[PDB]
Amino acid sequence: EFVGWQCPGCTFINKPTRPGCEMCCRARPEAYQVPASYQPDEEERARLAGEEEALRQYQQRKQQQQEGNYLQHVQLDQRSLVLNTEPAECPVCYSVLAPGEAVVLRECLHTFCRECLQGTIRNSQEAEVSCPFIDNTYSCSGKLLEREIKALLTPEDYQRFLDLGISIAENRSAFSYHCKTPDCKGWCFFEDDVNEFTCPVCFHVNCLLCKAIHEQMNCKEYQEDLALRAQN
């Protein structure tokens, strides 16, 4: 009726807390129950201490993975474009792309050439550029961020991109009025009972009634001059 557990393989009676037999290394049978009465001696309390420290050090190892892994995810917000770390194949090109020569879209995670994305941006009829990825399951509905678009385009094309965006909103509103100066970008929104729009670009005063610029005339003088100059 001893306190310890006898080893079924070698008959050595082991201390209750030991997981393996001190003689033959056999595991403590799972049926055995350790009495709470037992106090571990200097050898067992030392072994349990080393076990709790091994667990303590393993747990702080996993926390360093957690914090180390996370900082690399935050690392990639330091730049606008995210590049491929492995070789990638462009779903539009079919071109092979060495690491650092393809762009990973932030909203989609699909990887493309800089060249095809440039045509995809310049050919987008919507102010929000979609990812051109298409497979047999789905078209990707993710959008290229303006951060990524600015870094992908020449400054000329980036400015053309912004101009198309504001003109998309302008075409959408039937309450918009554009400056009648040629090639001028100025335009405004119709306020009720306002008949003159002084454009902030050309500084010419647009008459909203005639929807034209007649600064040296009034509306009737301009209208009769207009019909007189344009006959058939």
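One-based numbering along the sequence shown.
Visitor: So 137-145 or 71-79, which one's hotter by mean CA B-factor in the entry?
Guide: The deposited B-factors put 71-79 ahead on the C-alpha mean.
Visitor: May I ask you to compare 45-53 and 32-40 by their mean CA B factor in the entry and name the higher one?
Guide: So the stretch with the higher mean C-alpha B-factor is 32-40.
Visitor: Report the option among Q59, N206, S176, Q66 whose CA atom has the maximum B-factor in the deposited record.
Guide: Each of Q59, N206, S176, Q66 was compared by C-alpha B-factor; the highest is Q66.
Visitor: Quiz for you: based on the deposited Cα B-factor, which of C184, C188, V194, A169 is highest?
Guide: Most elevated C-alpha B-factor of the set, per the entry: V194.
Visitor: Among the modelled residues of this chain, does the Cα B factor of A230 put it in the lowest, middle or highest third?
Guide: CA B-factor rank for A230: highest third.
Visitor: Relative to the other modelled residues in the chain, which third contains the C-alpha temperature factor of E115: lowest, middle or highest?
Guide: Lowest third of the chain for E115's C-alpha B-factor.
Visitor: Quick one: classify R106 as lowest, middle or highest third of the chain based on its Cα B-factor.
Guide: Within its chain, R106 is a highest-third residue by C-alpha B-factor, going by the deposited values.
Visitor: Considering every modelled residue of the chain and its Cα B-factor in the PDB entry, is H214 in the lowest, middle or highest third?
Guide: Ranked within chain, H214 CA B lands in the highest tercile.
Visitor: Please place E86 in the lowest, middle or highest third of its chain by C-alpha B factor as given in the entry.
Guide: Top third by C-alpha B-factor.
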